[PDB]
Amino acid sequence: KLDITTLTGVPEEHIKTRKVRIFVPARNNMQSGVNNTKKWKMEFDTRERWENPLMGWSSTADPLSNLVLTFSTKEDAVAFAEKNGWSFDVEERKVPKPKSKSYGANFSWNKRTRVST
Amino acid sequence: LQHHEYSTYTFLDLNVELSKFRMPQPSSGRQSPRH
Amino acid sequence: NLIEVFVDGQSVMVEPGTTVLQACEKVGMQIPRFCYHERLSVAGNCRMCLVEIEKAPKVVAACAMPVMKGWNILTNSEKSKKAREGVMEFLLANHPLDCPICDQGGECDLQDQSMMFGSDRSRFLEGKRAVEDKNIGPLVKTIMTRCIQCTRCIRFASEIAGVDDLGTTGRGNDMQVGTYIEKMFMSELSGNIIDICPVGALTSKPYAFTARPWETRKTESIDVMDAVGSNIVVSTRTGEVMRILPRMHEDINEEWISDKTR
Amino acid sequence: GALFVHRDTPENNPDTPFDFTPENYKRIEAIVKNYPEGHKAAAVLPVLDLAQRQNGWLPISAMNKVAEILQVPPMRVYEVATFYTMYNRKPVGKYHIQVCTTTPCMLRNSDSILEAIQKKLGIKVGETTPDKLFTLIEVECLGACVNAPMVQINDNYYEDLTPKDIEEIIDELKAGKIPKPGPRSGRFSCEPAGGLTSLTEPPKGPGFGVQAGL
Amino acid sequence: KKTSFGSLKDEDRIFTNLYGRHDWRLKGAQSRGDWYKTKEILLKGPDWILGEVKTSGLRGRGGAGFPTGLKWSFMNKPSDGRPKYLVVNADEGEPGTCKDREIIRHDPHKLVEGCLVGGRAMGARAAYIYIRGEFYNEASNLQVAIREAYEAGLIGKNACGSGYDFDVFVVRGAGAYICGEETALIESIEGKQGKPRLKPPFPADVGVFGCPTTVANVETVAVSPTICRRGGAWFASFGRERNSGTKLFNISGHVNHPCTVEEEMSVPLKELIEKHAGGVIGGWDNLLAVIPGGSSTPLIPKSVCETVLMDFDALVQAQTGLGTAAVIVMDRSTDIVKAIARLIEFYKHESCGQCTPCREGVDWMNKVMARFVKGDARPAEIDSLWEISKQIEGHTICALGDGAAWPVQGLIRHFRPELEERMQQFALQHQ
């Protein structure tokens, strides 16, 4: 029942009207590396972005647009969200299921796994 | 000295002759791996 | 019947037939790779997976070597690091200096693995090779000069897509990937070769030159084009959608999305 | 220097007419009988050799026909055609002069034979005579390194060659006469030039030194 | 117990018709002792044949020289329902190697009876003899001999009346040196590109058509019937321990009488060159950097050549290999750099390309060696090339990469001063 909301100084609109997403970032499918999928991340909900009339740069009014936090475990992120009074959605970690790989299978005598090239 | 006179299809024709002596081939059980 | 093997002295129990690379994953070590995709078949051509097993004179490819009981996998031994440096040098000997203009720039496995397991300078004092570009369709922009013959595209097309139109022509350093004829690679999962390609040899034509990886903000979402419900990552920069990338969900879509979704 | 991509041309378009003769079809059937059922893709190499022998070179239509007959994807046939050197993906001369320029043959002054062939034919290596009867190509070890120099023609080995010998053989081929394959010097085989230092005695015969317990 | 080998009588020569003077047909082979009591050998059993091979101490003639008996005994396990095959490697792709050509051309029935004996030993239904495509006439001769054996019933159903069904198929290559590799050979027979597989799945367990298959060099298969008939101890008598047998030797290069001769293993290299090859051109003084066992094996300078013995372990001590037993001889009037660079160019033209070390490093070595023969390089490029070769060796999935690295290492180790002299001379020329 810890509540730091009064002490944080965050204005009430972002405390109440923002949904924070707790998740482990998925691997960038362009790369096979997995080092960026080992820590939980807290990200706020996306808001409106509009073009500046003068230059066309994207302007925002969301202070927490770029705020992202790293947490070792899901429970730590949940506790931080609760202590800060942010509504939170938790996406369970997705792990690659174990696979059975056999280089011999590429030359099966009767199975369809034989590779044409 | 026999090798001096061999045609283009000599090897394949010899294979055709040998086809009769060949024993039955073993089968994977499927027409093709793609099958 | 789990057997006991050691990775850098740490005991890990793996089922028989497990590859050395998979045990290294079990202990958390990600063996560097360029030709191994878990979805695809094992090929053993990248040679970056060469790791040293204790008391074994010859390094072995982690992707293609089933583990044996009692083996100790030295993933950071001097032999392993030297093999990695040599393989990286051979890969980069002919690779073109296209990083600034290559769309893969910033998300290139070749770049990152060179920064992490390769030398910081080049001893290649000769001319590099150049390969004529092949046209495989209106979706995949092709620069074959950057190809490393990892054979991921070929194996993917053969196994997942099921279209046996991509293959390797020639032998030696002149070996080239791609249709020997002017055929177009048409399939639902054709765009996935862009994702599967480690290098920017095969890249997205609509996405070409538009944006760089670090700029993009990634939002995880679900596709609506089909009722499959494939998980996707919507990459947006400055409030504009730049590209759609697959997101892994083993139950629904392993790592692929349809061309329409992409 | 040959490219490994196919650019469609009027001579080498997919509609170029090629089909196996019925005798060649029977030969193909015998070939397929050799390999086990369910692995008829093993016949790609001999059938491609048969097609090249029938046509003299392999057009794309021939590769497609081989793929259709053996029920294999055409890309596999293209890979086989490109990978192996013996297959000719371009039209070649009546007689294909293949000069072994590897180190063993090189030591036996193979370059002299090569230069003699160039001068007599008038074509540099990798070119075809305007008469389209002779194509000169250098190759690697052909297996007759001991009898070097050695140049191969369509299927015959003319080994232990001298520039005069190669010029004479080219003249015979031009006249339409078929030279006898083999060492054009005194020797008949891998035999020592001066005389047999081994196997001088007659063969021992059956039952010689046979282990008693058999 | 004999401390000096090198003299072999015609009686103990296995390849009696090596030079082809006698008839190569079935009548000639039977007159020369081939196909004699083969029925008894087959009826004796697979174990006795394998034990005879093991007692013979035969080492593989392809170049790797693994113990033949154990290599074949790997196949002795009971069948799982899949067929078993024996593949005779007749690629003859190693530069300088011509022994298998003579074997197939002039004594084909030897190879056929060897195939029957080995397939009985391996429990193989059939044998495929993969012959280099350029060897068309030899392939036709082998086919003729196979036809004759089929007519006589020596092969086929109830082969030699032994109740064993065996077939020999001749498959012709399409001009690739790499096909000589056992896994590359298996793939080539399977109809794909002749690109060697990975070793972990061994050929014994998975081979041609995904079935148990053993690959043996033509000489290794051909000597099997004579080893069985004469006895394993007979083969063991010739040569040193662990190097037993009589090995065909191909002497080429700067020799007065290039020839292929059969002699006992461990024969002194000087004795083989002077006795049979007619001696080095210009005398033994003109000797420079004999290639002991074909291109793959590193060169040995003249000084080592004086006292070296031509056997596996001894030449390994000489930092070289017996290899295919092909002896290539260079006189002092030879650019050793040019010869080695031409060999590396051969390796470049014959690489598959699948393995990145081979695909890129072999071309890199070829370009560097070309610059070397030109002399257009700095001295440290020697060390750089050595390190490149070391990277290639032991990493390539195939052994062609090591086969390419070894010549470079030998050339550096034994002739670095020539390389440095040529570089200095080039620099002086261009100023």
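Chains: A, B, C, D and E, in written order; residue numbering restarts at 1 for each.
We take it that contacts are C-beta pairs under 8 Å (C-beta built on N, C-alpha and C of every residue); 3 or more make two chains touch, one makes a residue touch a chain.
Visitor: What chain is the most remote from chain B, judged by the mean position of CA atoms in each chain?
Guide: Comparing chain centres, A lies farthest from chain B.
Visitor: Which chain pair has the highest count of C-beta pairs that touch?
Guide: D-E
Visitor: Can you give the whole-Å distance between the Cα centres of chain A and chain E?
Guide: Averaging C-alpha atoms per chain gives centres 60 Å apart.
Visitor: Hey, how far is the Cα centre of chain A from the one of chain D, in Å?
Guide: Once rounded, the distance between the two centres reads 63 Å.
Visitor: Taking each chain's centre as its mean C-alpha position, how far apart are chain D and chain E in Å?
Guide: 22
Visitor: Among all residues of chain D, which ones touch two or more of the remaining chains?
Guide: Residue numbers touching two or more other chains: 34-36, 38-39, 41, 46, 72-73, 75-76, 79, 83, 155, 181.
Visitor: Among the residues of chain E, pick out those that touch two or more other chains and give their numbers.
Guide: In chain E, the residues touching two or more other chains are 82-83, 105, 136-137, 172, 176, 190, 192-193, 198, 200, 209, 349-350, 352.
Visitor: For chain A, what residues touch not just one other chain but two or more?
Guide: Residues 103, 108-110, 113-114, 116-117.
Visitor: When you draw the chains as points and link the ones that touch, which shape shows up: line, ring, star, complete, or other?
Guide: other
Visitor: State which pairs of chains touch, listing all of them.
Guide: A-B, A-C, A-D, A-E, B-D, B-E, C-D, C-E, D-E
Visitor: Considering only the defined contacts, which chain E positions touch chain C in the complex?
Guide: Going by the criterion above, the answer is residues 176, 178, 193, 198, 200, 348-357, 359-364, 367-368, 371, 381, 384, 388, 391-392, 394-397.
Visitor: Please give the residue numbers of chain B that touch chain D in the complex, ascending.
Guide: The contact residues of chain B facing chain D are 3-4, 6, 8-9, 12-13, 15-16, 18-19, 22, 25-33.
Visitor: If you look only at chain C, which of its residues touch chain D in the complex?
Guide: Residues in contact with chain D: 132, 134, 164-171, 174-176, 178-182.
Visitor: Would you tell me which residues of chain D are touching chain B in their complex?
Guide: Residues 23-24, 26-27, 30-31, 33-41, 46, 50, 53, 71, 155, 180-182.
Visitor: Can you list the chain E residues touching chain B in their complex?
Guide: Where chain E meets chain B, its residues are 82-83, 105, 125-126, 136-141, 143-144, 146-147, 150, 155-157, 165, 167, 170, 172, 209.
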